[PDB]
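Just below is one structure, and these are the notes that go with it.
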Amino acid sequence: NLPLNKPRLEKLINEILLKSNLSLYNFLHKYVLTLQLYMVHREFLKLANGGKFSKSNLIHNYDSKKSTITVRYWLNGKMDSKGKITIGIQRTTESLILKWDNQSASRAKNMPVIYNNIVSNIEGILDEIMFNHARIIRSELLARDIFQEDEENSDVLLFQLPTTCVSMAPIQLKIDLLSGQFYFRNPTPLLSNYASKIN
Amino acid sequence: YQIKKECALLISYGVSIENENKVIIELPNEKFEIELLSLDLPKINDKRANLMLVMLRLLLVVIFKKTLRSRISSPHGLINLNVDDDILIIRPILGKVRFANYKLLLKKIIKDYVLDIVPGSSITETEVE
Amino acid sequence: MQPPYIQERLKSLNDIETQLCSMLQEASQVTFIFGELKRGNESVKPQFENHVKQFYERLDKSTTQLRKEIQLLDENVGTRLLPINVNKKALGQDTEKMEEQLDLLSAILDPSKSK
Amino acid sequence: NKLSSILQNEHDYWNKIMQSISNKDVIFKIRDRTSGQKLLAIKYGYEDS
Amino acid sequence: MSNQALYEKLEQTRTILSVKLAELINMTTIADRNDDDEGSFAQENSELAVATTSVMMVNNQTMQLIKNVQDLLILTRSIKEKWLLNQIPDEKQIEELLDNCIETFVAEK
Amino acid sequence: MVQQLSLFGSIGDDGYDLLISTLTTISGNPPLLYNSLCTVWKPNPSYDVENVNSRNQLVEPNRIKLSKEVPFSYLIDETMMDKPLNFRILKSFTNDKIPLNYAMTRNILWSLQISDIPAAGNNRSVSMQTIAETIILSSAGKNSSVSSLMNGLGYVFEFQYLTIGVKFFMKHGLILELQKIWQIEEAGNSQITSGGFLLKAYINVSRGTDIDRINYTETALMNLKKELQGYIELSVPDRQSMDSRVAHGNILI
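Protein chains in written order, with this note's numbering: chain F, 60 to 258; chain S, -4 to 124; chain U, 65 to 179; chain V, 426 to 474; chain W, 960 to 1068; chain E, 131 to 383.
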């Protein structure tokens, strides 16, 4: 239903075929990929105004010359990583693909790094990447054996702290799904200060 | 919109946002859901919800009056609302509810550890302005 | 509703265009009558003077009253409808939308009035 | 005859407009983005409030 | 401004009067006049050119009358639109009301 | 210290109420009542200031302004408590007499202020003036009083006057003032702005070096002036009238 310029397309294709030695198909594929990238960027622009990630959570930069989109997330994250995503044309399949540029995602097993159908479920892909990054960080913390595992909740970390001389109680720390700062359930002023220090 | 921008900072105390039109507040015994919905038996707490809506509107009106007074007071002052200070909508209601809960809890604690142990204790309740 | 002065000003204007329509209609009848007067029946000759006189007097006083209306456009600057400042409504929208809300609370507060 | 018929038609619409409009709020003329003509508009928003 | 409208209505009225007198004289002496005296000035020298000038007069008076009346009506509406647009023009009870409301909510919460 | 960019004008009281309506239509804000009392002090002629470098003219003697706010309970007579305290009371302030007399002001005896003649040149569209300001908060001692303080510095009283008017706050920090001025002496009180109101529209700039801000301020002032065309003519006053040095005596009023 798009308002295609039918006559200009007619002359353009006729000129290409007259000058053709293939080229028309390549130009059509390039134009389709460029239009898909542009409408993906337009969807990002529409979502960013009122989306959950508006407050500096997601930044997207689009280059038409290279026809690639760079997405940076979690600007306030210094845990030896920087959340970066690259959307661009795949050389092998000539298709637009999304890659989560992260070494932690690189050596992670049973976890896809490249996704397709970005237009349909960009929000779902972003949520999956968010959850996977949070799970990777949580698994690293468990491997360091500083926080014990919470059986009831897989996204809640238990830290053992003595409230009194004899009491030895766990405190629940949770990960923000939007910006990724650790927070306590009922933090005391000292607890809030040290949560900010952790952040 | 004001409710969204205000509750975005109350995640640490058990307040969450479900979607672009729903916000959820949790309490050890209660749940509150505020929704923006399109049109497309009298319960016990219906009056409670109506009262909540009324005081939310009143607080928004108070915010507008504060803005207008600050604007009239001085020209130089840039009118940029601070989320930590100016926006006070859910804070008073949530504070009242949680203060009542803590008052009940401390009443129970005092009764168990003092009233049940030491007879004859006299308790007087007061409010200070 | 609009203050008193504007209502009679619009009534006078409406009278003005109705008078103009009457003038056009009377022009139609005088053009009609002149045709048969040229056909040479003299019975309707007396009516011709009356029609001409009424046409001219309708043309004159209408323009005269429209002269008074333009004088009143010039003369009523800041005048008759004197200024008032008792809260200005662009702000005072905050005040009626304070008052009515509390009224609703009163209706909510008293269960005997919710019927 | 044509002028009288048409003209009384626009007085009919004119009287409908005059007796259908109340006072209500702050009013001006604006140029429509699509049509480009002058139309009456009312400012109802709390921007000044 | 309003003085220009005054002047414009002035030529409007005088043009009505002049074209009225013109159409009156044209239709009254539409019956061509032949007078032997040199003083009279009425010439009908070409047969059908006379009817052409007659329909000339007809079309002129029609267009001018209709245009002048329509202009006057538009002027009146403009005057009215200018009339419409340009003319620039307890607490204690609340305390116990809110007290009862808050205590009722506290009891009901 | 500020660079004040100003434009001036005057109006007759007949249009006063219609002017106030129009301002309300533009700014969206109502008038707010205010008053003030200014005292002018000049260097003591008994002391010979040979330190004025006559061969170089490093500096010239100048006049100091001390201002204070006075409550309306001193300006309202026994006939006026019935009316509420708002802009309408100015309509009754047309007589040269006023409740505040010489004795009360003498009993009173703040903001200290010094200024300079506006910038020279004929390529200036608004009156640009430099102001140096400070504030006196309190005092103590055996002779704690404004008169004793200014005599300690080396200044003596010259005259005083009283301003009453209304204020309008518009966007971008623009302030518009409608004033009436009453000179006060033991001989009596005389209204210099007789049968009219003095209009002054001005903006303040904190740093004189910033020129983008100054250009913006001038743009706003000229836009405001071009908005009021046909109603009131706002003009740049005479550069030689706003000179307050002791050597030459004149007072824009």
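For each residue, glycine too, the CB sits at the ideal point set by N, CA and C.
Subject >> For F:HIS119, three-class secondary structure by DSSP >> reply: Your numbering for residue 119 of chain F matches position 60 in the first sequence. Residue state, collapsed to three classes: strand.
Original post:
For W:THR1063, which of helix, strand or coil comes out of DSSP?
Top reply: Taking the fifth sequence and counting its residues from 1, the one referred to as residue 1063 of chain W is at position 104. W:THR1063: helix per DSSP, three-state reduction.
Original post:
Of all Cβ atoms in chain F, is any one closer than 8 Å to the Cβ of S:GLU13?
Top reply: As a first step, residue 13 of chain S must be located in the second sequence, where it is residue number 18. No, its Cβ sits nowhere closer than 8 Å to a Cβ of chain F.
Original post:
What did DSSP end up calling E:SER365 once you bin it into helix, strand or coil?
Top reply: The residue labelled residue 365 of chain E in the question sits at position 235 within the sixth sequence. Three-state DSSP puts E:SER365 in a strand.
**OP:** Take E:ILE322 and list the residues in its own chain whose beta-carbon comes closer than 6 Å to its own, dropping the five residues that flank it on each side.
**Re:** Counting from one through the sixth sequence, the residue named residue 322 of chain E turns up at place 192. Within the same chain, E:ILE322 has close Cβ partners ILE311, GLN313, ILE383.
Subject >> First and last residue of the uninterrupted alpha helix (DSSP H) at W:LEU1034 >> reply: Numbered from its first residue, the fifth sequence carries residue 1034 of chain W at position 75. Unbroken alpha helix (DSSP H) run through W:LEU1034: 1008 to 1044.
**OP:** Report the rounded CA-to-CA distance for E:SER255 versus E:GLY145, giving the unit in angstroms.
**Re:** Sequence index remark: in the sixth sequence, residue 255 of chain E carries index 125 (1-based). Sequence index remark: in the sixth sequence, residue 145 of chain E carries index 15 (1-based). Cα to Cα, the separation comes out at about 27 Å.
Original post:
Would a check of beta-carbon distances place U:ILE134 closer than 8 Å to chain W?
Top reply: Counting from 1 along the third sequence, the entry for residue 134 of chain U is found at position 70. Yes, contact with chain W.
Original post:
Using the C-alpha atoms, what's the distance from E:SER277 back to E:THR264?
Top reply: Locating residue 264 of chain E in the sixth sequence gives position 134, counting from the first residue. Locating residue 277 of chain E in the sixth sequence gives position 147, counting from the first residue. Rounded to the nearest angstrom, the two C-alpha atoms are 17 Å apart.
Subject >> Beta-bridge pairing of V:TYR438 - partner residues as DSSP gives them >> reply: Here residue 438 of chain V is taken as the residue at index 13 of the fourth sequence, counted from 1. DSSP lists no partner for V:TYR438.
Original post:
From S:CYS2 to F:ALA107, what distance separates their C-alpha atoms?
Top reply: Here residue 2 of chain S corresponds to residue number 7 of the second sequence, with the count starting at 1. Here residue 107 of chain F corresponds to residue number 48 of the first sequence, with the count starting at 1. If you take the alpha carbons of S:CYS2 and F:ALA107, they lie about 19 Å apart.
Subject >> Cβ contact (3+ pairs, closer than 8 Å) linking the stretch 370 to 378 of chain E and the stretch 189 to 209 of chain E >> reply: yes
Original post:
Is E:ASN319 helix, strand or coil when you go by DSSP?
Top reply: The residue you call residue 319 of chain E lines up with position 189 of the sixth sequence. Strand, per DSSP.
Original post:
With a cut-off of 8 Å, does the C-beta of U:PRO147 fall near any C-beta of chain E?
Top reply: The count along the third sequence starts at 1 and reaches residue 147 of chain U at position 83. Yes, its Cβ sits closer than 8 Å to a Cβ of chain E.
**OP:** Quick one: grab the DSSP three-state call for U:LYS109.
**Re:** Your numbering for residue 109 of chain U matches position 45 in the third sequence. Helix, per DSSP.
Original post:
Under a CB-based cut-off of 8 Å, is W:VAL1009 close to chain U?
Top reply: Position 50 of the fifth sequence, counting from 1, holds the residue named residue 1009 of chain W. By this cut-off, W:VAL1009 is not an interface position.
Subject >> Inter-stretch contact (C-beta, 8 Å, three-pair minimum) for the stretch 295 to 304 of chain E and the stretch 1037 to 1049 of chain W >> reply: no
Original post:
Is F:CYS224 helix, strand or coil by DSSP?
Top reply: Within the first sequence, numbered from 1, the residue matching residue 224 of chain F stands at position 165. Correct three-state label for F:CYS224: coil.
**OP:** Could you pull out every residue in the same chain whose Cβ sits closer than 7 Å to the Cβ of E:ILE261, ignoring the five residues on either side in sequence?
**Re:** Walking along the sixth sequence from the start, residue 261 of chain E turns up at place 131. Cβ within range, chain order: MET131, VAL132, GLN134, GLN243, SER245.
**OP:** Throw me the rounded Cβ distance for the F:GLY239 and F:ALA164 pair, which I believe falls under 8 Å.
**Re:** Taking the first residue of the first sequence as position 1, residue 239 of chain F is located at position 180. Taking the first residue of the first sequence as position 1, residue 164 of chain F is located at position 105. Rounded, the Cβ-Cβ distance is 15 Å, inconsistent with contact.
Original post:
Would you say V:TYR471 and U:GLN157 are within 8 Å of each other, going by their C-beta atoms?
Top reply: Residue numbering aside, residue 471 of chain V sits at position 46 when the fourth sequence is read from its first letter. Residue numbering aside, residue 157 of chain U sits at position 93 when the third sequence is read from its first letter. Cβ atoms of V:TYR471 and U:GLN157: closer than 8 Å.
**OP:** Would you mind telling me which residues of chain U sit closer than 7 Å to V:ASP473, beta carbon to beta carbon, in chain order?
**Re:** By one-based count along the fourth sequence, residue 473 of chain V stands at place 48. Neighbours of V:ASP473 on chain U, chain order: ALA154, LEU155.
**OP:** Alpha carbon to alpha carbon, how far is S:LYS17 from S:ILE118? Give it in angstroms, no decimals.
**Re:** By 1-based counting over the second sequence, the position of residue 118 of chain S is 123. By 1-based counting over the second sequence, the position of residue 17 of chain S is 22. Approximately 43 Å between the Cα atoms of the pair.
Subject >> Distance CB(F:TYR242)-CB(F:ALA254) smaller than 8 Å >> reply: As a first step, residue 242 of chain F is located in the first sequence; it is residue number 183 there, counting from the start. As a first step, residue 254 of chain F is located in the first sequence; it is residue number 195 there, counting from the start. Taking 8 Å as the Cβ cut-off, F:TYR242 and F:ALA254 qualify as a contacting pair.
Subject >> Reduced DSSP secondary structure (H/G/I, E/B, other) of F:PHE86 >> reply: As a first step, residue 86 of chain F is located in the first sequence; it is residue number 27 there, counting from the start. Helix at F:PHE86.
Original post:
If the cut is a Cβ gap below 8 Å, which residues of chain V does W:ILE1025 touch?
Top reply: In the fifth sequence, counting from the first residue as 1, residue 1025 of chain W sits at position 66. Ordered by position in chain V, the residues that pass the 8 Å Cβ test against W:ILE1025 are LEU428.
Original post:
What residue does the alpha helix (DSSP H) around F:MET189 start on, and which one ends it?
Top reply: Position 130 of the first sequence, counted from the first residue, corresponds to residue 189 of chain F. Its alpha helix (DSSP H) spans residues 177 to 202.
Original post:
For W:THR1035, which residues in chain U fall below 9 Å Cβ to Cβ?
Top reply: Position 76 of the fifth sequence holds residue 1035 of chain W. Chain U residues near W:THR1035: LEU77, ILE80, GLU81, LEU84, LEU130, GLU133.
Original post:
Since S:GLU21 sits in a beta bridge, which residues does DSSP pair it with?
Top reply: Here residue 21 of chain S corresponds to residue number 26 of the second sequence, with the count starting at 1. The partner list for S:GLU21 (beta bridge, DSSP) reads S:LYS26.
Original post:
Any contact of the stretch 95 to 111 of chain F with the stretch 71 to 83 of chain F, i.e. 3+ C-beta pairs under 8 Å?
Top reply: no
**OP:** Indicate whether U:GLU90 and U:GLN118 have their beta-carbon atoms separated by less than 8 Å.
**Re:** In the third sequence, the residue the question calls residue 90 of chain U occupies position 26. In the third sequence, the residue the question calls residue 118 of chain U occupies position 54. Taking 8 Å as the Cβ cut-off, U:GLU90 and U:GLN118 qualify as a contacting pair.
Original post:
If you measure beta-carbon to beta-carbon, which residues of the stretch 27 to 50 of chain S are closer than 9 Å to chain W?
Top reply: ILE39, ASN40, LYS42, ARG43, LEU46, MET47, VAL49, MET50
Subject >> Partner residues on chain S for U:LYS161, Cβ-Cβ distance less than 9 Å >> reply: Locating residue 161 of chain U in the third sequence gives position 97, counting from the first residue. Those within 9 Å of U:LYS161 in chain S are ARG52, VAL56, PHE59.
**OP:** Kindly list the residues whose CB is nearer than 6 Å to the CB of E:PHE289, restricted to its own chain and excluding five residues on each side of it in sequence; keep chain order.
**Re:** Position 159 of the sixth sequence, counted from the start, is the residue given in the question as residue 289 of chain E. Cβ within range, chain order: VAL170.
Subject >> Residue range of the unbroken beta strand (DSSP E) whose run includes E:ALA262 >> reply: For the purposes of this step, residue 262 of chain E is taken as residue 132 along the sixth sequence, with counting starting at 1. 257 to 265 is the extent of the beta strand (DSSP E) around E:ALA262.
Original post:
U:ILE80 and S:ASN45: beta carbons closer than 8 Å?
Top reply: The sequence position of residue 80 of chain U within the third sequence is 16, counting from 1. The sequence position of residue 45 of chain S within the second sequence is 50, counting from 1. No, the Cβ-Cβ distance between U:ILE80 and S:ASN45 is not below 8 Å.
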